[PDB]
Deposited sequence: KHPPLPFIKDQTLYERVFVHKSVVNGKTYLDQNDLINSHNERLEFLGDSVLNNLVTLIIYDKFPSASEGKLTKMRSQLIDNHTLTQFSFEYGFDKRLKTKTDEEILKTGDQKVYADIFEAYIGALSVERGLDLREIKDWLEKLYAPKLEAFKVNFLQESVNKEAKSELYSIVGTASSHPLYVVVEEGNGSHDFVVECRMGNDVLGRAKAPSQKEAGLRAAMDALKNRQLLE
């Protein structure tokens, strides 16, 4: 994996992590914690415009077994792991223990680790900056929304409420007669107009 793997010098420690009050379980516990705090800092800093809800989803996606297993094979943990076979949520639990080792081997410092993770996650975060920080696209929503609730009698209008490209404020309201089915903000009036329809379709009711 393109960032260099931070090293465990102490043999007795490395072996706590790859031998297989009883055995190492405190490193799984410390690693988990360090890994979830570190990842929290990194995303919070990189995505200032994301809600707490999106941050919570981003974090669960990068601390979970799929991605931690992916890291573990790109560092060949299946090979370091002195075992016997392959679900099997294990490799993520090794990886948590491992981070738990780097952390103790440094006196519980963690800046040296935050930096490695800040690189280890770069491709995953640029993936999210493109497709997840943002909302969606849907150049179609106004007619899609019209085909649920629109005739010639009463069809939905999209009335701008705050206007002007001055320092940025374009917000439009999608109203069907008297009720504001959805409101959204975008740098332009049509982008906001479509997004106002997109928010409305998130709530399909009339059967």
Worksheet, complete the sentence: No C-alpha coords for deposited residues 21-36, 100, 104-109, 231
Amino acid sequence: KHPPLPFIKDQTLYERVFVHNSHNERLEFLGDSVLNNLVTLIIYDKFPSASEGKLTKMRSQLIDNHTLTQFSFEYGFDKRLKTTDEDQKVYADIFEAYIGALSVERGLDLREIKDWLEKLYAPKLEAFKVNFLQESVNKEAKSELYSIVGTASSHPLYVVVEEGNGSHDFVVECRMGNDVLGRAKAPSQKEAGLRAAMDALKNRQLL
From here on, numbers count along this sequence of modelled residues.
Worksheet item: Given the B-factors recorded for C-alpha atoms, which segment has the greater mean, 70-78 or 132-140?
Response: 132-140
Worksheet item: So which stretch wins on mean C-alpha B-factor, 87-95 or 117-125?
Response: 87-95
Fill in: Top Cα B factor in the deposited entry, candidates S167, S33, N65, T40
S167
Item to complete: Taking the chain's C-alpha temperature factors as the reference, tell me which third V171 falls into: lowest, middle or highest.
Response: highest
Discussion item. Using only modelled residues of the chain, where does the Cα B factor of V180 rank: lowest third, middle third or highest third?
Written reply: highest
Discussion item. How does the C-alpha B factor of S153 compare with the rest of the chain: lowest, middle or highest third?
Written reply: highest
Worksheet item: Can you tell me which third, lowest, middle or highest, the CA B-factor of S22 falls into for its chain?
Response: highest
Worksheet item: Thinking about Cα B factors across the chain, which third does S188 belong to?
Response: highest
